[PDB]
């Protein structure tokens, strides 16, 4: 209701990790990520860690892994659902070739404007088509208009977690055969391992349930092959088979 509003401080899980210690995560970041992180990504990360929804920011080691996947599969056209301040978006734009194209969807353009100066300074703003909207209507609009020549190589899904299964029904048609769909946060702070988990915020409990259902759905889906990867907060890579 009326008041000051929602805080990540209201959330039970924001201090949780899936790795065995903070020291191991910090080792990975300092040894293997920060020396390889573009200066503009570093700047965008540092301002975002002061933001009120900083817990949503994609992990920097996960960022380098997404970049690696994009380059190894020679992706050119991608879609991103859930932009926030733009860390995964700038990661993707830096990884794609000069003529790469990204369709980036987020309900809140004000977050994107936080990262836009870093994206501009990195010289890759020209690859991004940002759409301010709930993602489901955009995807449904694409599906009546897109042709085979416009299919995406890669999709990164990092928006409202309870809608992932609904996004999946559209994305297995919008990503090419042999293309990849990556769902972020599919281990949800480790809570998915438990049929009950005490003391969660109502929205956190909704995601625990939705990810437990989604992980079963993806594992059963004959239209894709999958790999769930314990990096960041967990992600699941899907590769479209037909």
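Residue numbers count along the first chain shown, from 1.
Mean CA temperature factor is higher for 147-155 when stretches 147-155 and 77-85 are set side by side in the entry. Of the two segments examined, 15-23 and 214-222, it is 15-23 that shows the higher average Cα temperature factor in the deposited entry. Highest CA B-factor among the listed residues (53, 65, 188, 34): 53. Among the modelled residues of its chain, residue 39 has a C-alpha B-factor that falls in the middle third, as given in the PDB entry. In the PDB entry, residue 202 places in the highest third of its chain by CA B-factor. Sort the modelled residues of the chain by CA B factor and residue 237 lands in the lowest third. When the CA B factors of the chain's modelled residues are split into thirds, the value for residue 196 lands in the highest one. Among the modelled residues of its chain, residue 103 has a C-alpha B-factor that falls in the middle third, as given in the PDB entry.
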